[PDB]
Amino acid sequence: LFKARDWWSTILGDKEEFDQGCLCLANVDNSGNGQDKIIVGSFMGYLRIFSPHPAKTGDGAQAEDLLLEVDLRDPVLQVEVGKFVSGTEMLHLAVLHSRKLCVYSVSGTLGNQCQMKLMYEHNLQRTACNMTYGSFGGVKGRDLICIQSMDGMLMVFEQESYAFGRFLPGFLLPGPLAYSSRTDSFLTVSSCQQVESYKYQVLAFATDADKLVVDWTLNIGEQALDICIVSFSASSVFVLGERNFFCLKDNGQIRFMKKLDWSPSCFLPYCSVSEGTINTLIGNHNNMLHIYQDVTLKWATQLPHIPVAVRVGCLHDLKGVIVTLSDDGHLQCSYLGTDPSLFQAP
C-alpha cells in the first residue's frame, strides 16, 4: 500500500545469514541521551553495532554508522541486552552461541568507535537453542538469563554464576521462549502445539528434573513462530502462530485471536495508542509489513526484503523508528506512516 519511509539501509557482510533472535535494539552503551543502537549478530560469527544517521553531505566528515564490528569466530544464535552484571544496573550485551554464553560491556564513544570487553562467559554443557532473561524470582535490579538447550533443558544463570538446569516435560523440538515478570514464569510452545507456562520457583525447587509440573497449558492447534510478553499495566502473552495471532491473559486464557490471511515471518507487539488496546507489527513472506490495533489492520507497507526480525526504538533522536532485518542481512530503518490529516494527493 504505502512504500516505506526509509531513511537508512545497509547490507551486512557477504552472503551472511540471520534469523529471529539476531536483531536487538537497545541503549547498549548506556548513553545519557537514551538513544538505541542496532545490534546484530550473524550465523557467520560477526557482531555489529550501528548508530545510523540519514544521508548528510557537504558538511565534510561524518562519523561512521558502524560503531563496532567484531569477529566472534562462532555463529551467533541470539543477542540480548540487559542488566547481566552483578553490582551494577548498567546494560550489557549477551551473545548466545551454540556452546557458550558471553556477556560484554560496550563503552560509549572512544575502525571501531567504542570498545566491547568480555565480562564473563559460561561454557554450556549442552547445545543451545534460544534464551530469555529477566528478574527471575522477583529480584530487583538484575536480569538473570535462561537458556533452552536443543534437547529441552532450561538452564538458568544468575549473572556470573550457573544456578540450575531442568528438563521440560512433553518436549520434542524446542519452541520459542519468554519470561513473564508479572507471573514470574517461563513460557514456551511445544511441538504438540501447547502453549506452556512454568513457574520459576517450581522450576527452581523441582530438583528432580535435572536428569517439574506445568502451571497452565493452552492448545493453540498450530506451531508457534514466536512469543512476546508485553505490558503497556495489564500484562499480555502474544503468540505468533503459523496461521493465527493470539493475545493471552497471564493466566493462559485467550484474550483475543486473529486468523492471518498471509503466512507470517515475524512480529512485535510494540505499543499501545489507546487504553486497553495494543499495536502489533507483523512481517510476512510476501514482503508486506502490517500493523494491527488488536485484530484490526491499520497500516501496511511493502518492504524490499522479507523480514526475519523487526524492532521499534529510538534512533536519530526520534521515537517509533522501525528496524527490519532479512535473513540474508538487509538491514533497514524506516519511519511509520504519516499523519493523513497532513497530506492527501489530488
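Residue numbers here begin at 1 and follow the sequence given.
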item: Length class of the unmodelled deposited segment, which would lie between residue 162 and residue 163; value: none
item: Absent coordinates between residue 211 and residue 212 - deposited residues affected, binned into four classes; value: 10 or more
item: Stretch with the greater mean C-alpha B-factor as recorded in the entry, comparing 265-273 against 199-207; value: 199-207
item: Comparing 212-220 with 113-121, the one whose average Cα B-factor in the PDB entry is higher; value: 212-220
item: Candidate residues 37, 298, 48, 311, the one whose C-alpha B factor the record puts highest; value: 298
item: Given 315, 44, 281, 67, the residue at which the Cα B factor reaches its maximum; value: 44
item: Chain-wide C-alpha B factor ranking for residue 175, given as lowest, middle or highest third; value: lowest
item: Within-chain third of residue 286 by Cα B-factor, per the entry; value: highest
item: Residue 9 CA temperature factor, ranked by third within the chain; value: middle
item: CA B-factor placement of residue 338, once the chain's modelled residues are sorted into thirds; value: highest
item: Lowest, middle or highest third - CA B-factor, residue 82; value: lowest
